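Asks: After the structure tokens below, expect a handful of questions from me.
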Amino acid sequence: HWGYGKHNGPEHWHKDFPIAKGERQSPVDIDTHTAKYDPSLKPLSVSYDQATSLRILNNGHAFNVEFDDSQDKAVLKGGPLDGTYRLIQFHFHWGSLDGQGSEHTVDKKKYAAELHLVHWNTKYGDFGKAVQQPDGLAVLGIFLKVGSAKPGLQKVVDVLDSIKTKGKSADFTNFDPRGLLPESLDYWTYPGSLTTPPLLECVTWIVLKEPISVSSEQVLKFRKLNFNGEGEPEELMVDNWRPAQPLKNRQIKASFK
Ligand SMILES: NS(=O)(=O)c1ccc(C(=O)O)cc1
Ligand SMILES: NS(=O)(=O)c1ccc(C(=O)O)cc1
Ligand SMILES: OC[C@H]1O[C@@H](O)[C@H](O)[C@@H](O)[C@@H]1O
Ligand SMILES: [Zn+2]
């Protein structure tokens, strides 16, 4: 099965998912000097006040915090987006050490981790239909660097001991994702893909320029999770990131002058 190891990692995914070599794959390196300010971008609206988190799941590749997306509650609008995109889940990608872990890079810089807030375009009715559309998804990506602790992350950190292995889940109600944002909403945007199989080319990426700081202790707890299921040999869940892919016929636009 696909994963991140030597025998099943990103360099193998194309055999079973040939779109891995496609024309709008993610992540990419963000060359900050070539990215151009785009005055046509409308103000970005991250509206998470009525979010309803439900559950946290170790799916064997990351952990997902899942949300009720049966009505417009936590939504993302504006910026490059046409219409309303509902939050369905967030997850992270992270490294074995602080010097790697992000999927996107900034002038080739790798951050310690990267948060993905995943949203689907309500015009398509359900997530499954949305991933049949070029504009079906919007992922808000936020870099993590190691420094001071992120208080709004601690509830996530503290539940991880209860979902150590693949297939375990736990209640995760009343979690407010606004506590994971940075101060500034300055961003870069480009058209891309899911960064894990099935690698579908459905995503408008919105990558915030300002990282959040998390403490070493917080990210160290991410790295105690397991890729494996209960009773199987322990394989620490680390380095669950795809490297940057070819930019091909794309431009990265900036929201800021
Ligand atoms: N293309 S892939 O889904 O990454 C993949 C890689 C390896 C194996 C395997 O060793 O069994 C199966 C699938
Ligand atoms: N890492 S990511 O590009 O945000 C992502 C989000 C969702 C899915 C999925 O539902 O399969 C895959 C990848
Ligand atoms: O033809 C000029 C145009 O080229 C495009 O590649 C750029 O995205 C635009 O910002 C520019 O105005
Ligand atoms: Zn992701």
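Asks: First select every other residue whose beta carbon is under 11 angstrom from the beta carbon of residue 97; then total the charges, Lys and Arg +1, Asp and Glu -1.
Replies: 0
Asks: Count the net charge of all other residues whose Cβ sits under 9 Å from the Cβ of residue 221, scoring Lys and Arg as +1 and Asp and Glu as -1.
Replies: Net charge around residue 221: -1.
Asks: Taking N as the number of residues in segment 1-110, what is its alpha-carbon radius of gyration divided by 2.2 N^0.38 Å?
Replies: The value comes to 1.31.
Asks: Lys/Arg Cβ at +1, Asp/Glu Cβ at -1, dipole of the chain taken about the Cα centre: which of 152, 4, 28 is farthest positive-ward?
Replies: The residue sitting farthest along the positive end of the dipole is 28.
Asks: Through the Karplus equation 6.51 cos²θ - 1.76 cosθ + 1.60, θ set to phi - 60°, convert the phi angles of segment 137-152 into ³J(HN,Hα) values in whole Hz; use x for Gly and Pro.
Replies: Working through the residues one at a time gives 10, 9, 10, 8, x, 9, 6, 10, 10, 8, x, 6, 5, 9, x, x Hz.
Asks: Nothing charged except the Cβ atoms of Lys and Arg (+1) and of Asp and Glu (-1): what's the magnitude of the dipole of the chain about its Cα centre? Round to the nearest 20 debye.
Replies: 500
Asks: Moving to a separate point now. Express in whole angstrom the spacing between the alpha-carbon centres of segment 86-162 and segment 185-201.
Replies: Spelled out, the Cα-based centre of one part sits 11 Å from the other.
Asks: Assign one of three labels to segment 151-202, namely rounded, prolate or oblate, based on the Cα gyration tensor with a ≥ b ≥ c the square roots of its eigenvalues; rounded applies when a/c is under 1.5, prolate when it is not and a/b is larger than b/c, and oblate otherwise.
Replies: Cα axes put segment 151-202 in the oblate bin.
Asks: Using the Cα atoms of the chain to build a convex hull, what is its mean projected area in square nanometres?
Replies: That works out to 12.9 nm².
Asks: List the chymotrypsin sites (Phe, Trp or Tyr not before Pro) in segment 183-251 that DSSP assigns to loop (not H, G, I, E or B) and whose Cβ has at most 12 other Cβ atoms within 10 Å. Which are they?
Replies: Here no chymotrypsin sites (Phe, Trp or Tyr not before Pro) fit, given the DSSP loop and packing criteria.
Asks: Looking at segment 1-80, which GluC sites (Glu not before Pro) are in a loop (DSSP not H, G, I, E or B) and have at most 13 other Cβ atoms within 10 Å?
Replies: Here the sparse-neighbourhood loop sites are 23.
Asks: Something else: Using Cα-Cα distances under 8 Å and only pairs 6 or more residues apart, what relative contact order does the chain have, in percent?
Replies: 26
Asks: Translational diffusion coefficient, Stokes-Einstein: compute it for segment 147-257 using the Kirkwood radius over C-alpha pairs as Rh, at 20 °C and 1.002 mPa s, and state it as an integer in µm² s⁻¹.
Replies: Estimated via Stokes-Einstein, D reaches 128 µm²/s.
Every read-out reported here was derived from the displayed coordinates using simple, explicitly stated rules and does not represent laboratory data. No Cβ is skipped: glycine too gets one built from the backbone with ideal geometry, and neighbour counts run over all protein chains shown.
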